[PDB]
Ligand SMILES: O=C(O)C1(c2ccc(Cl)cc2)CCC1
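First, one chain by itself: the form deposited without the ligand, in structure tokens.
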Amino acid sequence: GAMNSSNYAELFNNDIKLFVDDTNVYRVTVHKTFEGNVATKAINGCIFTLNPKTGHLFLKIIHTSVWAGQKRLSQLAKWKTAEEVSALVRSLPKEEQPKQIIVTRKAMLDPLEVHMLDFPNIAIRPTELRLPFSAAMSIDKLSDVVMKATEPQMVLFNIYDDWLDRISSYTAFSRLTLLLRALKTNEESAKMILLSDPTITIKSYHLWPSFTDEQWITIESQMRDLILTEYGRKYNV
């Protein structure tokens, strides 16, 4: 059933599972036409498919060519998402395929269920959590690889960098969601926090700066302040 606050630690047991977020699959800019009408122009998107225990991000880039000549693109986007997730699972060997796929939006359940009928033993689940994975395109390297793609492409990143060498999955997931919740509430501030100190670099194959443990504690504290603040600045409290 639905993943929520109560069964949170199931994410970090040894049953392979993936989160799928489709928020950034179909992305548009809205603009005026010469006649003063409005039109959309699609830009590249991505499926965000994440193993929360290991940090594997299977970033399937959705090139704007997949929308050419198609109608009802917001609906197609959910079925395209499901098609690509199903293709991903099929590509994997059996022991490496997930036991559960958790979708972040309920509208992905039926498209993914239908695409996975060949896998009756993979549970497709919703969640009540309001996970901030839409902010994945606020991570500079992810946004960069999506926008530069000239064809469909799958790119692999560890969204935890090397954190698991020192902290547990549970803690790594909590750090990720805090970083993303911050980036989603105030991207400018959030990014300023992460990069304020020039001496702290990001490794070639990483996404985040190489903070020491003590530096992560400071960073994590600053991200909480931001989120609390923007909650005031938004609600006047």
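Residue positions are given as counts along the sequence shown, with the first one as 1.
Although not depicted, the form solved in complex with the ligand is the subject of the following passage.
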**Pocket accessibility when the ligand, as posed in the deposited complex, is superimposed onto this form, judged at 2.4 Å from backbone or C-beta** = blocked
**Message:** Taking the ligand as it sits in the deposited complex, is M108 in contact with it (heavy atom to heavy atom, 4.5 Å or less)?
**Reply:** no
**Message:** When the contact criterion is heavy atoms within 4.5 Å, does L129 count as touching the ligand in the deposited complex?
**Reply:** yes
**Request:** Give a yes/no on whether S134 approaches the ligand to within 4.5 Å in the deposited complex, heavy atoms considered.
**Result:** no
**Fill in**
Taking the ligand in the deposited complex and a 4.5 Å non-hydrogen atom cutoff, the residues of 5-39 making contact are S5, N7, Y8, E10, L11, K17, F19
